[PDB]
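Colleague: One structure, as structure tokens, below. Some questions next.
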Amino acid sequence: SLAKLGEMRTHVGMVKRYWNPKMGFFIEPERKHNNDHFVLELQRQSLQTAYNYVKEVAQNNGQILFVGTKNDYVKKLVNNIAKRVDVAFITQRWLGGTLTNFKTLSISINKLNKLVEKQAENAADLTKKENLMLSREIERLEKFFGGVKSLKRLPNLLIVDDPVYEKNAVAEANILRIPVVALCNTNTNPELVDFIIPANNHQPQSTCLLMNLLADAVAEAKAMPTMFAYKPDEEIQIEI
Amino acid sequence: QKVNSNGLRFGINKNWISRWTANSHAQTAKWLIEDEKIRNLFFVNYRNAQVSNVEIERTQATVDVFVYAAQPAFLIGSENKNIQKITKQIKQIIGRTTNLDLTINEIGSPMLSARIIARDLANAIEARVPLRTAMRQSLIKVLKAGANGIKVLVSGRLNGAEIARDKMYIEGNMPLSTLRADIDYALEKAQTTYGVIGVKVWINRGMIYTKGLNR
Amino acid sequence: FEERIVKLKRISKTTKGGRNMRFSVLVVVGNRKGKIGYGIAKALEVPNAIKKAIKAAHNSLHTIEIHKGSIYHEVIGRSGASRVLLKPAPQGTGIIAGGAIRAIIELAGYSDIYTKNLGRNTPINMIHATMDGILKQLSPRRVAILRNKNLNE
Amino acid sequence: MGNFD
RNA sequence: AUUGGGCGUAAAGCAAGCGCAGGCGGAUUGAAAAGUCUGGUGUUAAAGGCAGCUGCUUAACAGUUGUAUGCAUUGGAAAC
RNA sequence: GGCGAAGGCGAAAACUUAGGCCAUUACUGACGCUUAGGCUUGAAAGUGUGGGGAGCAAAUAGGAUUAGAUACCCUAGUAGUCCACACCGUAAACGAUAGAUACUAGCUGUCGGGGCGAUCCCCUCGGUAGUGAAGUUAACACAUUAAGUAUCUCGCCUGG
RNA sequence: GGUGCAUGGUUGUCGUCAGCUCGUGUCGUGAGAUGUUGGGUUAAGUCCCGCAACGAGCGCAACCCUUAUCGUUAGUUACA
RNA sequence: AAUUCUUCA
């Protein structure tokens, strides 16, 4: 099965006594070691349900958004996922007012497309100073819109790396009617996320496993070969 | 408070509305006073044909006037009795010892001239029409033609005394500090029973900087 | 949709030189058949403020059904220290409420209901009290589902 | 929202 | 303010404490019926309040029919 | 930080004396809650009687600045600030929150008890802390030490 | 002639001070805040960085004239 | 030290 319990060799663990007791229901009895390990059957069930939901939304020709903005690592994970398998992504900080309003971003993305097309058509027919200024403007527009330039409507579903760090983003998502999914840390509300996935968010390796599994969930629905497709073996990749 | 935008560009972007010359300053004052009469005549006695502007081209013992409007029809009439009429009121101000040839023409896409805008606002205000609807219709109609922003404002008594609510509307791009932006200006007076109403209109007809020098 | 408006205020912020006169508007919108909503906005001119209020009211709609043309129980609107009492009415007698609440409950699609305000008479908090009073109610089918009974006997 | 069709 | 309000900053917690009287008050069991539940009997003038009907050229009104409410007495059961 | 019902309580020791906390296989059997009237205390100033004046300093004097200064500044300067016997009963006598009781998320400190028993680590019981959801309040903000859900009783409030 | 406490136009002034706001969106039951916050360099809300704000308008910089360099056209009523 | 600024919106 997907994410076999044997693969969960290092997946559980949380910060020492910083938790909402509403995750007491979705966790093991409180461990003395202050690192409350997790229940594997419920996380397996939730990951499978997320797998099916992503399958369905991809079948109905939908688009999903990826957000990852921790210190150095998760942004790199999302970047590697983006360039590896096609998916809508945001690598830099989610801006206040990025989902509840689209016109203010539709103008920006359309201007980005128009000026990048012009730059492709601009073959030094303008002055070098103005060309460099335009290139800097394109970099400015792309460094906040790293992946949102190919979708022209609202996303049907999206994942969140940390619900306590996309607080504005998740609040805006709950304002609208679209469902959301995230690696729900044990410091949230069991209402801000429609599909609860309890896991670690400060340990890089578990985040790696789950981001890769969800990327595969959206990929295998694209008629694209994947590696975690009911494969009992696993892989070794560590932070540095 | 603020300086007019039309005057600052006289001679660096636009050309003089009148092009003429004479000898030393002995009758040039008469030149100005006598062409001013026809200048104000075409604007006062004809507020139903929407004349855009008047150009006076009069040389030594001659006179030529190019006029631009949107419906020259009332200037000429259906049976040319007005053209003899207009010739005559030209005559008593120019004299009986000079020719009187003149011509009227149509300005292409007339919905970009501030003069007809000011005339329309004056006509709307003088008939006790709600000001809000007047400015809204005028602004939407002028912006429908396709151009840069418009700066139209009214001052005076609006249906009551102790005026403190002079409306001002602005949209698009209206750079006044730019040495040239082809922003034409007009000022008009609407005469109502509540005193005089001053309507000021700024119309921007595109950008021309870094290209050309005159017209 | 009938798009009726209620009491409007005249407000102005204060800066260096005069005061920035910019009043606000509040509005209720409803189809008189079950879908209703309310909104509040502000702008410099009347038409712009009205349009913004209509937009902010109409995007934020909510649903409520009609039980024989009236409410079948009593509700006490309790928000911002402003109570309002709603008591059931017979099959039909004529609408009875306060002006703002009259518009609120007429645009919902009710025939008649017993209404009486308590506390303050501020229209905005009064409307909010009407909202949380009318919303937090429950249906006989709801208790039928949650209780161990098919039909309420 | 189990279903999506 | 019984149905129907409050005392942190808008009026209002006595400076605090000891406490008679008064009021409130854990569980089992029987009895009692003081309240509480309740069948019957008697009474609460008429008019008027209210609901139908008749007549004054019609409402006004007049008349007629019925109409609650409290109280005593008596017989029954004992959750509080 | 602690104790006391409150005011208050900090050099040492002697005597008497108040209440509380933890565990109770021990005992009676609801003797419990509140409190109109009543009774006891109650910072500080002050009065009467008998003492003391080191310092401080109301009142008062003079010297300064100011137009004015019967004030802020300075030098003098008395009652008083102490003790013993009596009285006054007032304060922002404040946590601006009457007392009693059970329930309602959490997290991190400090203190006394008991257990494990080197303090430093853990659990259990109570009070004093800070941060905080639901709930509530007009918001400010409260929030297991409630201003929440509630119950019992006293006193009090009704425009200036 | 009166009425600049009925005005249009015009002008002074803060001041060539650098600020003044808007569309959409978010938070607050509200006036409102959020942009305009903060860290840097400039004369400047000029720009950048991060930031519940995304963008936008006027204003300031810019593009005009003039002086300082040189080339090109021209030679008088200069030049000689 | 360090003060006052006549009614009417």
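Cβ atoms come from the backbone with ideal geometry, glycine included; neighbour counts cover every protein chain shown. Every read-out reported here was derived from the displayed coordinates using simple, explicitly stated rules and does not represent laboratory data.
Colleague: Expressed as an acute angle from 0 to 90° and rounded to the nearest 10, what is the orientation of the C-alpha long axis of helix A:73-84 relative to the principal long axis of chain A?
Modeller: So the helix axis and the longest Cα principal axis differ by about 60 degrees.
Colleague: Follow-up question, since we're still on this one. If I histogram all Cα-Cα distances within segment C:1-63 using bins 10 Å wide from 0, what percent of pairs lands in each bin?
Modeller: Over segment C:1-63, the share of Cα pairs per 10 Å bin runs 23, 44, 22, 8, 2 percent.
Colleague: A further question on this structure: Could you pull out every one of the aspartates and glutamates with an alpha carbon less than 19 Å from that of A:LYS4, ignoring same-chain neighbours closer than 8 positions?
Modeller: Within the straight-line cut-off, A:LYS4 pairs with A:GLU28, A:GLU41, A:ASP216, A:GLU220, A:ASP233, A:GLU234, A:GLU235.
Colleague: OK, next. By counting other Cβ atoms within 10 Å of each Cβ, how are A:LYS32, A:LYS143, A:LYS76 ranked from fewest to most? It would help to have the intermediate numbers written out before the result.
Modeller: Numbers: A:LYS32 6, A:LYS143 10, A:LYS76 14.
Taking fewest neighbouring Cβ atoms as first place, the list is A:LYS32, A:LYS143, A:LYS76.
Colleague: Any idea what angle helix A:103-121 forms with the longest principal axis of chain A, computed on alpha-carbon atoms, 0 to 90 degrees, nearest 10?
Modeller: 60 degrees
Colleague: Shifting gears a bit: How much net charge surrounds C:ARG83 when only the other residues with a Cβ under 15 Å from the Cβ of C:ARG83 are counted, with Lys and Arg +1 and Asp and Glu -1?
Modeller: Neighbourhood net charge equals +3.
Colleague: Report relative contact order for chain C in percent, whole number only (criteria: Cα-Cα under 8 Å, sequence separation at least 6).
Modeller: Answer for chain C is 19 percent.
Colleague: Considering the Cα trace of segment B:15-108, what is its radius of gyration and what is Dmax, both in angstroms?
Modeller: Just the Cα atoms of segment B:15-108 yield Rg and Dmax of 13.5, 44 Å.
Colleague: Report, in listed order, any pair from A:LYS22/A:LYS55; A:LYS118/B:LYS211; A:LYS83/A:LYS129; A:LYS167/C:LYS52; B:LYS200/C:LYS42; C:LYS9/C:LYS55 with a Cα-Cα distance greater than 24 Å.
Modeller: A:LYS22/A:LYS55; A:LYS83/A:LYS129; A:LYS167/C:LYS52; B:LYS200/C:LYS42
Colleague: Rank these for me by crowding, B:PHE42, C:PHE1, A:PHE25, A:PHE145, going from fewest to most other beta carbons within 10 Å. Don't jump to the answer; show the numbers that get you there.
Modeller: Details: B:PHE42 21, C:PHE1 13, A:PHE25 8, A:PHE145 17.
Final ranking by Cβ density, sparse to dense: A:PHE25, C:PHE1, A:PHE145, B:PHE42.
Colleague: Given the -39500 (n - 2.57) contribution per DSSP H run of 4+ residues, what per-residue ellipticity at 222 nm results for chain C, rounded to the nearest 500 deg cm²/dmol?
Modeller: Values: 4 runs with 42 residues, N = 153.
Mean residue ellipticity, 222 nm, calculated: -8000 deg cm²/dmol.
Colleague: Another question, if that's okay. Would you calculate a helix-derived [θ] at 222 nm for chain A, using -39,500 (n - 2.57) for each DSSP H run of n ≥ 4 and dividing by the full residue count, to the nearest 500?
Modeller: -12500 deg cm²/dmol
Colleague: Another one. What does DSSP give for the protein assembly as shown in terms of the percent of beta bridges that are antiparallel, rounded to the nearest 5?
Modeller: 70 percent
Colleague: Using only the alpha-carbon atoms, how far is helix B:81-94 inclined from the longest principal axis of chain B? Give it as 0 to 90 degrees, nearest 10.
Modeller: Long axis of B:81-94 versus the principal axis of chain B: about 80 degrees.
Colleague: Calculate log10 I(q)/I(0) of segment A:113-240 for q = 0.12 Å⁻¹, where I(q) comes from the Debye formula with a single equal point scatterer on each Cα and nothing for solvent.
Modeller: Taken in order of the listed q values, log10 I(q)/I(0) reads -0.71.
Colleague: What base-10 log of the normalised intensity I(q)/I(0) is obtained for the protein assembly as shown from the Debye formula, alpha carbons as equal point scatterers, at q = 0.07, 0.08, 0.12 Å⁻¹?
Modeller: -0.77, -0.92, -1.27
Colleague: Straight-line reach from B:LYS37: which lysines have a Cα under 17 Å away, not including same-chain ones fewer than 8 places off?
Modeller: Cross-link targets: B:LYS85, B:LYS88, B:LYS91.
Colleague: Right, here's the next one. Connecting C-alpha atoms closer than 10 Å in a GNM of chain A, tell me which of A:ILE81, A:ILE138, A:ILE90 has the biggest fluctuation.
Modeller: Of the options given, A:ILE138 has the highest mean-square fluctuation.
Colleague: Let me ask something else. Among C:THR15, C:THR115, C:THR130, which one shows the highest mean-square fluctuation when chain C is modelled as a Gaussian network with alpha-carbon springs under 10 Å?
Modeller: C:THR15
Colleague: Positive end of the charge dipole of chain C (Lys, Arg +1 and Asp, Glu -1 on Cβ, about the Cα centre): tell me which of C:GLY37, C:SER60, C:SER12 has its Cα farthest that way.
Modeller: C:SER12
Colleague: With the Cα gyration tensor of segment A:1-76 in hand, give its eigenvalues times 5 under a square root as the equivalent ellipsoid semi-axes, listed largest first in whole angstrom.
Modeller: They are 27, 18, 13 Å, listed largest first.
Colleague: Please give the Cα centre distance for segment A:1-76 versus segment B:30-105, rounded to the nearest Å.
Modeller: 86 Å
Colleague: Taking the Cα atoms of chain C, what is the range of coordinates along each of the three principal axes, in descending order and whole Å?
Modeller: 69, 31, 30
Colleague: Bin all alpha-carbon pair distances of segment B:82-197 at 10 Å intervals from 0 and give each bin's fraction as a whole percent.
Modeller: Result, from short to long distances: 11, 33, 26, 21, 9, 1 percent.
Colleague: By what distance, in whole Å, do the Cα atoms of chain B stretch along each of the three principal axes, largest value first?
Modeller: Projected onto its principal axes, the Cα set of chain B covers 53, 45, 34 Å.
Colleague: Now for a different question. Taking H placed 1.01 Å from N in the peptide plane, check which residues at least 5 places from B:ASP184 or on another chain put their amide H under 5 Å from its amide H.
Modeller: Here B:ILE203, B:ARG205 satisfy the definition.
Colleague: Continuing with this model, one more query. About the Cα centre, and with charges only on the beta carbon of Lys, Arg (+1) and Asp, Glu (-1), how big is the dipole of the protein assembly as shown? Nearest 20 debye, please.
Modeller: With only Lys, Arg, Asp and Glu charged at Cβ, the dipole is about 2480 debye.
Colleague: I'd like to know which of A:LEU214, A:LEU151, A:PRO163 lies farthest towards the positive end of the charge dipole of segment A:133-229, counting +1 on Cβ of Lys and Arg and -1 on Cβ of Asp and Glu.
Modeller: A:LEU151
Colleague: Per the helix-only calculation at 222 nm, which mean residue ellipticity applies to chain B, given -39500 (n - 2.57) for every DSSP H run of n ≥ 4 and division by its residues, nearest 500 deg cm²/dmol?
Modeller: -9500 deg cm²/dmol
Colleague: Then there's this: Using the charge dipole of the protein assembly as shown (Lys, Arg: +1 at Cβ; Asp, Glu: -1 at Cβ; taken about the Cα centre), state which of A:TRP19, B:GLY156, A:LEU47 has its Cα farthest towards the positive end.
Modeller: B:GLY156
Colleague: Quote the relative contact order of chain A in percent (integer), defining contacts as alpha-carbon pairs under 8 Å separated by 6+ residues.
Modeller: Reported relative contact order: 27 percent.
Colleague: How would B:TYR185, C:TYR110, C:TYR38 line up from fewest to most surrounding beta-carbon atoms within 10 angstrom?
Modeller: Details: B:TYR185 17, C:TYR110 21, C:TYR38 24.
Ascending Cβ contact count within 10 Å gives the list B:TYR185, C:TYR110, C:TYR38.
Colleague: Please compute, over every Cα-Cα pair in chain A, the percentage with a separation greater than 22 angstrom.
Modeller: The answer is 57 percent, as a whole percent.
Colleague: Turning to a different aspect of this structure: Taking the Cα centre of segment A:124-232 as origin, work out the dipole magnitude from +1 charges on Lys and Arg Cβ and -1 charges on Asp and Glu Cβ, in debye rounded to 20.
Modeller: That gives segment A:124-232 a dipole magnitude of about 320 debye.
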